[PDB]
Protein chains: 2
Amino acid sequence: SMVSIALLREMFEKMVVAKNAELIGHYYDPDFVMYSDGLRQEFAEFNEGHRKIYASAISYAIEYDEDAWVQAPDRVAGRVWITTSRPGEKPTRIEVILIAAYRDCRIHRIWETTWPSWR
Amino acid sequence: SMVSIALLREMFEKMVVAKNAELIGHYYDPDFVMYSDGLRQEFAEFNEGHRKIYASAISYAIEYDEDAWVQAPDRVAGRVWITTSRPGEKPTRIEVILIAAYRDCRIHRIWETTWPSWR
């Protein structure tokens, strides 16, 4: 099945790359929780942090390691790189290995670690 | 299917926790490559590094996040914590999110990132 991978890719394209914070509630369950590099973030803080960042001059590109996907009912894991650009600064690339679990076609949990750590 | 998860758990129990480096060739394909925190390590360096470390006074415990597994044909992803103890030192816990791809019931690729970074 390609559903979970297609959903994850669509979220990255239409929410992240497009910096469209209004789509967070379309892609994420209201009870969503993110685990990332030692932090546990509930929906409210995830959403507000992205609303703030997406209002800045930042831009994002994404690359997927096409050899690293794992797909199962309502779940996906993969390896991605997010490249961030800011005005007058050199782009930076961060590697993210993440697991996403879905409920009713919205993301309910993500567990991820990054290299380098964003902290 | 439970095959890939069972294999990964057996490798962690019988190779890592037991510090049995002689089992590396039983669990890993001769063409295995590890991607970890920005490093790409082929079989030779992976094996030799583990033969050396396992000869030291170190010990390992493992915890699996039982809510984070993703399983597919010949592939698994999960979230684990490795706790390392050394004589006269406090134990340290590292979080690892990893994806393992299998060929013929041996691990052929791992892609992982850790928190904190072991580097």
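Everything below is about the structure printed above this text.
Residues numbered from 1 in each chain as written, not as in the entry; some residues may be left out. Chains lettered and ligands numbered in written order. Heavy atoms only, no water.

A. Geometry of the overall build of chain A. Of regular secondary structure, chain A possesses three helices and seven strands. Taken from the N to the C terminus, the helices and strands of chain A come in the order α-α-β-β-α-β-β-β-β-β. Its C-alpha radius of gyration of 14 Å places chain A within 12% of the 14 Å reference for a compact globule of 119 residues. In terms of principal-axis extent, the alpha carbons of chain A reach across some 45 × 30 × 25 Å. For chain A, the proportion of its 119 residues judged to be buried stands at 47%. If you take every contact in chain A between residues at least 6 apart in sequence, the share linking residues at least 24 apart comes to 49%. Carbon and sulfur atoms make up 53% of the accessible area of chain A, which amounts to about 6100 Å² in all. (Helix = DSSP H or I, 4+ residues; strand = E, 2+ residues; numbered from the N terminus. Rg over C-alpha atoms; globule rule 2.2 N^0.38 Å. Buried < 20%, exposed > 50% of the residue type's maximum accessible area, 1.4 Å probe, protein only. Contact = heavy atoms within 4.5 Å. Areas by Shrake-Rupley, 256 points an atom, 1.4 Å probe, with all protein chains shown as cover.)

B. Local environment of the packing of aromatic side chains. Here the structure, examined in full by the defined rule, presents 14 aromatic pairs over all chains. Considering the side-chain rings of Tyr 35 of chain B and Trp 111 of chain B, the 6.4 Å spacing of their centres and the 15° angle between planes classify their relative orientation as stacked. Placement of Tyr 35 of chain B in strand β1 (residues 28-36) and of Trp 111 of chain B in strand β7 (residues 106-115) is noted, with a sequence separation of 76 residues between them. Taking relative accessible area as the criterion, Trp 111 of chain B reaches 2% and is therefore assigned buried. By the ring-pair criterion, three or more aromatic residues cluster together here, those being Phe 12, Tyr 64 and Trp 69 of chain A. Over the ring of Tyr 64 of chain A we find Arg 9 of chain A; its NZ or CZ atom is 4.9 Å from the centre of that ring. (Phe/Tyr/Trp six-rings, centres within 6.5 Å; stacked < 30°, edge-to-face > 60°. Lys NZ or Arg CZ within 6 Å of the ring centre and 35° of its normal.)

C. Focus on the interface of chain B and chain A. Listed as interface residues are 25 residues of chain B and, on the opposing side, 25 residues of chain A. Across the chain B to chain A interface the summed buried area is about 2100 Å²; carbon plus sulfur atoms make up 66%. Joining chain B to chain A, the criterion identifies two salt bridges. Residue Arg 75 of chain A is joined to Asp 67 of chain B by a salt bridge in which the shortest nitrogen-to-oxygen separation is 3.8 Å. Where chain B touches chain A, the interface holds seven residue pairs in polar contact. Looking at the side of chain B that touches chain A, the elements that each hand over two or more residues are β4 (70-72), β5 (75-85), β6 (92-103) and β7 of chain B. Looking at the side of chain B that touches chain A, its residues break down into eleven nonpolar, six polar and eight charged. (Buried area = accessible area lost by both parts, 1.4 Å probe. Salt bridge = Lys/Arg side-chain N within 4 Å of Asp/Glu carboxyl O. Polar contact = N/O pair within 3.5 Å; in protein donor to acceptor, adjacent residues only side chain to side chain. Nonpolar A, V, L, I, M, F, W, Y, C, P; charged D, E, K, R; others polar.)

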